[PDB]
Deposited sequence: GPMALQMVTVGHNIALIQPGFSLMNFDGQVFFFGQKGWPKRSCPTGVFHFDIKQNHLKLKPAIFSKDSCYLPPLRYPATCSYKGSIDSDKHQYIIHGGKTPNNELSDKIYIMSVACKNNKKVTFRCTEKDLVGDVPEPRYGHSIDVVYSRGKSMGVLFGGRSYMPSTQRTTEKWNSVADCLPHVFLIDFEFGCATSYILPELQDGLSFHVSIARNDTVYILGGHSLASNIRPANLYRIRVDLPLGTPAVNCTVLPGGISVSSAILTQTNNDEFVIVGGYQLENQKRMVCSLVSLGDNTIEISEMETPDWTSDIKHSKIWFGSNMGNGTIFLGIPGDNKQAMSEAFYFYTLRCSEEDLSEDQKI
């Protein structure tokens, strides 16, 4: 609702569609920089610091025990209880997909400068695929946690991939992989209500159910206004999963989620369809096992945004959404992206 044009002097060219913000210690951190990690930030992770509507991508050190992960575009970023983000999939700057999970915790913090521990979890079992545009989001069933991974784009299987369509993406078979990072044992779940591969679908995990809103199904090339609630059971034994396509779903893709308040998220629009982007936010109130997709007072969108063709961004983390739109003055050196921040009360 509260829009303000953020300025990015240096390292703005690193912010690329597909970047992921991660809220550690309340300090917000950028990841998924353009190109590969430059020695100004060999890690690719940056202190995201907006001060007086000016953003400063302050390089962020990693740990000794850390796995220096690549800049992943459109990966699956979720969070935890010290507070460790989970980054699955994503397009490496080499436009090859990651199958690794990157558990980016914080190893320590001093003078506001953080050293992360971006360890690498490899997934035994039904490791989903190298994919992107998907949603990883964690559930807490019986206190035990589990990362629900719902599909996003991938590159065709090697047997089927061809260089004339090398970058052709297929929405992964819509499954639900249960990543138990205690063992990294992914567990696929073929849900019959999930029969249309999805991607760029905002997934809101509340306690034990993840609400898949929006998404783009290139299989149908349409953005289904679907509200798949994937409820998860992790009792003593049988890890079970049941999805239910609730009503009230919204047609969005690449939308940006933020937990403005407790169980009160805000999906500031992504795209209603390719050249019709959702210039209307969508409040999402989550009862313990109910969810209503309201429609906020659409912010005073700047013409630069309304008249844009694309827009990207991610959850600063508290109630704010960092947005970017192609500036296209000359998109050569100066400012290839006009960036904004969108607070929510």
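No C-alpha positions are given in the record for the deposited-sequence stretches 1-2, 84-89, 354-363.
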